[PDB]
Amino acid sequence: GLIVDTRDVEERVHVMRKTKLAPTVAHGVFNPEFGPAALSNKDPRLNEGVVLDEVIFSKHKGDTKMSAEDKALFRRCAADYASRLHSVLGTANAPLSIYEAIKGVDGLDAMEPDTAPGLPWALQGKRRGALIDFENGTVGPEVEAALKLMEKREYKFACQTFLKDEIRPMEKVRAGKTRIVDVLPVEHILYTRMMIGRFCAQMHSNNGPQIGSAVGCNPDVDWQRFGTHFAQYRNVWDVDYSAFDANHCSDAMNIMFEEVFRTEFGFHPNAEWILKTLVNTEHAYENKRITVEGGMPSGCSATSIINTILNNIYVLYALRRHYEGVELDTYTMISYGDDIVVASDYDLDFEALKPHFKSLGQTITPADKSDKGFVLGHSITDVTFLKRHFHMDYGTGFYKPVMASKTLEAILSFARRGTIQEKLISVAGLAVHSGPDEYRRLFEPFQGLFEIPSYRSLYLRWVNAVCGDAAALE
C-alpha cells in the first residue's frame, strides 16, 4: 500500500529477537541453501550494511488508484463471484455468538489459547487468557467493552508488527527479506469471526475448484480430488504474485467488501465495516508508528480467505479487461491466498494479462521462472500448489502431494530445541510421498537417535485417508 506518514512518537514495541530455530543432525549431512530469517538488524549473515527495517516496509510501492470504469468492471466481477460464492454456500451468514467465536463451529477452528494479544495489551504485559476465558467461551472487562465500541462503529486500533521466525532460502536471508506478521488486537480477531465466522466455516467445508478456494483443504486427501479436476483441461497455469498482500489497492479492497459481505446475503451491517478497517492501518514497529493506506495486514483473521476471494476476482477482472464475453465457466481455478492454479480449454494468453493485473497493482510472473514467459500446454503435473507437486502414485493410482527433496531437507535441518521428535513425526507425513528410497535418505541422519515411522506405516495410513475403500479393496 501507500505509506502516508512515518512517525517516531512515544513508546517502543520490542520485536527484535533471536531465532529459536536450532540446527539439527540433518543440517550437517544435507547442508541446505536455507537458514533462519534475520530477526535483528545487526545479524552477521546480512548483506553489506543492508538495514533490516529498510527492506521490511519496502513492499509498500504505493496504492494503485483505479478509474471509474475499472471500478465498475471490478464491481461486476466482485458481484458475479459473490453470486457464485453465496449460491453454493447459502445465506446462513448470521453473526456468530461470543461463545462460538472462541470455541469455533464445525469447520472453523477455535481461537488460539495464548498467542500475541496485540495492542494495547502488549503495552500492558498481559496474555490472551488474561483478557478472554478460552476455557469458558466468554470474555473479560475491556474486551466486552471493546465489543461494544466495535458494535457502535467507534472502535480504532493499531496493528502490532511481528517478525516471522522461520526457515528461508539463504538468498532471501542475506538480502534480509524477513517476512512479517501484523498481529491485530485480539478483540478485532474475535469480532471479525463474529461477523464472518459462519461464512469462513462454510468456505472451509466447501473448499474446491467450484468456489475457487483451497482454504480448509487436507492436501493429503484432497490432492486426489483437485488432481482429477485440473487434468481434464487443455491448459494449466502456475501464476506467481509479487507481495500479494501489500499490493491490494484500496479501491479493490473496499469494493470486494461492499459486494461480497452485503446485508442481502445475510451478513450483519458491521461485516463490511470491520473488514474496511483493514484498508487504512496503523503499524507499531518498535519506536516507529507508520500509517499505511491500501494492502492488507499479513496475519489478521481470515487473511487467507480474503486474499483467496480477491485472487478469484482478479483473474475474472483481468480476463474481462482483455477478452470478450468472459464468464465464470470460461475458466476454472483454485487458490490459497496467493497460491493459484488456473485452467481452461481456451488458449488464454497470460503474457497479455500482465498490465491488466498492473491496473490493480499486482505483478504476475510465471512460477516456473524459466524465461519468465507465460507459455501454453502446461499440465497438472507441472504446477507447484501449496509447495506440493501433483504426482500420480504408482502403487494405488491416486494423486499425492510431493514436496521437493531440497525443501524437505530444509525443514528437517532446522527445528526449535526439544521438538525434533514431534517434528520428525509431522514431517514424515509430508515426506512419505517422495518415495521409499527418498524417505530413507531424508531421515538417514536420525537413525538410532529418534523414532522414525516405518515408510509402510505411513503409506498404509495415507491409503485409508484418500479413500476409505482403497485400503479395504486391496
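When you see a residue number, it is the position in the sequence shown, counting from 1.
Higher average CA B factor: 133-141, of the stretches 133-141 and 215-223.
Ranked within its chain, residue 339 lands in the lowest third, by CA B factor from the PDB record.
Ranked against the other modelled residues of its chain, the C-alpha B-factor of residue 59 as given in the entry falls in the highest third. When the CA B factors of the chain's modelled residues are split into thirds, the value for residue 41 lands in the middle one. Looking at the C-alpha B-factors along this chain, the one for residue 399 belongs to the middle third.
Annotation for residue 91: C-alpha temperature factor in the middle third relative to the rest of the modelled chain, per the entry.
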